[PDB]
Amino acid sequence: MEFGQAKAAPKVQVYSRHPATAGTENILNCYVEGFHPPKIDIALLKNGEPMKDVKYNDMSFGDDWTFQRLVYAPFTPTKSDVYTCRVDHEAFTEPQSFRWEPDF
């Protein structure tokens, strides 16, 4: 971060391991990068509910000191279920939700 900058907002992508086929097992990914400080809440949600067996990879950081983390969970997407990654960080005024776009 630049001198006199306090914090940096997360940039977020939500994507599946494989192209989405409704009814086929897949993995849901939420990758969050470019944030500081490292304190963050990253939540994978199915219809607003916390998903089973979410895993959180170790954090890395770039030359600008900002952090990155992959968060993922196994899932079986359908035509009707709504999958989001909700991210709360002090550089957001309120938690931000990022919707997975299936593109079946």
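Superpose the two forms; the largest set of C-alphas matching within 1.5 Å is the rigid core. Numbers follow the displayed sequence, beginning with 1.
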>> Aligning on the core, I want to see which stretch wanders more in 7 other deposited structures of this protein. Is it 82 to 90 or 6 to 14 by C-alpha RMS?
In response: 6 to 14
>> Test of understanding: from the entry's C-alpha B-factors, which stretch has the higher mean, 32 to 40 or 72 to 80?
In response: 72 to 80
>> Can you tell me whether 47 to 55 has a higher mean C-alpha B factor than 63 to 71 in this record, or the other way round?
In response: 47 to 55
>> Is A20 in the lowest, middle or highest third of its chain when residues are ranked by C-alpha B-factor?
In response: highest
